[PDB]
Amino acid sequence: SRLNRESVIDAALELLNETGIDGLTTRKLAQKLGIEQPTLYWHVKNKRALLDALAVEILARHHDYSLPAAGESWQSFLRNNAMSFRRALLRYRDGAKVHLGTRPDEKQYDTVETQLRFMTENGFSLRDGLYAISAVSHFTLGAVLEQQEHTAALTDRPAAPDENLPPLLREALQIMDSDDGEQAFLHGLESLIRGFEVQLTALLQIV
């Protein structure tokens, strides 16, 4: 089939969503694309180049709150941005894994620059605005990775018996699987945002 960048990425995303990050092999991508391996290598050099492109395209497709609205508070922007990032990551199996360790792509420069500027315009030093943005990113990636991997593990083997659990852990387990992770994520997200606020408003006051 077509091997423009768009369609290679399309197929890799499909493959990703079907078989997870382990399924993204040269061989399996070539088979999905209906091609021989040397054909694929002309287009895609290695798994890393593919993973980097997927990380970019997952956000291009499904990360729909990447810039602050007019007059938006930094708090509200981090909240909306985090929700959007999470949704984009959850779209595809192992999409959080695919993002890990990437650095913004040239295609994302204007966006991330605007994010960083926006933070600074709201009183954060570049460093502290970056640490806030990093923390939101890290938290969200962790939350998503734990949710997606847990679902994958369920499919492999069952949890161990309930009746040997201590009681708080037993409740906690009910709670965690009472949903897909959203409630815990949103609660943690508010904690994070408020802690950034405490740090910021403190200025040079001990806090």
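For every residue, the number given is its place in the sequence shown, counted from 1.
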Unmodelled residue 68 in at least one third of other entries with both flanks present:
no
Do at least a third of the other compared PDB entries leave residue 154 without coordinates?
yes
Is the mean CA B factor in the deposited entry higher across 22-30 or across 50-58?
22-30
Which wins on mean Cα temperature factor, 91-99 or 132-140?
91-99
Among 16, 192, 198, 186 - the residue whose C-alpha B-factor is largest in the record
16
If I read the C-alpha B-factors straight from the PDB entry, which of 153, 145, 40, 168 is highest?
153
Can you tell me which third, lowest, middle or highest, the CA B-factor of residue 117 falls into for its chain?
middle
